[PDB]
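Here's the structure, in structure tokens; my notes come after.
The numbers here are math on the coordinates, done by the rules we state, and not lab data. Cβ sites come from the backbone with ideal geometry, for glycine too, and all protein chains shown count toward neighbours.
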Amino acid sequence: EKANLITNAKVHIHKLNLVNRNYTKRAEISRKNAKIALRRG
Amino acid sequence: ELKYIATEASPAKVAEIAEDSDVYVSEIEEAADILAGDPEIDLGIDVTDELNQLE
């Protein structure tokens, strides 16, 4: 199903984008902990 | 009859059933704190300064 083949690719693009949301959040979370730990010394 | 009480108030069983309860108690109470885990998301996704103008 070559249409579904081009469909499937366009599907995976959304998964790849979904994860990119998720790790963006964790990146900032880690940066918040760093800022705290500096103030912890 | 003292024998029949001592069979079933056996300190081998009193101490078992008392230890078992305590483990289940800490299992449940900590399973309530992870049931309130979402404050870590709320404090994270919203950091909005701009309303200091609105203030």
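Does residue B:35 count as within 27 Å of residue A:31 (Cβ to Cβ) and without any contact (Cβ under 8 Å) to a residue 12 or more places away in the chain? Lay out the reasoning, then the answer.
Numbers: within 27 Å of residue A:31 (Cβ to Cβ): no; without any contact (Cβ under 8 Å) to a residue 12 or more places away in the chain: yes.
In short, no.
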- prompt: Do we have residue B:44 as without any contact (Cβ under 8 Å) to a residue 24 or more places away in the chain, within 30 Å of residue A:24 (Cβ to Cβ) and surrounded by 10 or more Cβ atoms within 10 Å (Cβ to Cβ) here?
  reply: yes
